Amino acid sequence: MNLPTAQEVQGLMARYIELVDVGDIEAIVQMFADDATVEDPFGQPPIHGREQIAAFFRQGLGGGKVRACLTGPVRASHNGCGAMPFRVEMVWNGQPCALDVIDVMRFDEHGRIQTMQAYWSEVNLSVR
């Protein structure tokens, strides 16, 4: 509970996708530190504020049917950071779709997230 060790990073990151897949918005939002920023998709301004991280997520996961799965292991550093590949199954244009995503996270001392960057574009989005 201090800065996560690489093995522990592999744990918080993978929690984090479970939770997202099970749809627990409230549990997602206790993972973020108070000053934490969300860039999703990377390219677009950091979000920020705990009401605001919680409206972000509630806009993405509210309607309960999203499924998110890792598609390879969590790469983890020794300075409390990591990156992961995954896929998301969602709805676009009324129809089911997927989306391949990569997250990079830094974990502050308190084992909470501080930055989250998500990489994807249309170029990753596939209609099923």
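Numbers follow the displayed sequence, beginning with 1.
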query: Stretch with the greater mean C-alpha B-factor as recorded in the entry, comparing 73-81 against 91-99; finding: 91-99
query: Chain-wide C-alpha B factor ranking for residue 110, given as lowest, middle or highest third; finding: highest
query: Third assignment of residue 43 from its chain's C-alpha B-factors; finding: middle
query: Third assignment of residue 55 from its chain's C-alpha B-factors; finding: middle
query: Ranked C-alpha temperature factor of residue 33 among modelled chain residues, by third; finding: middle
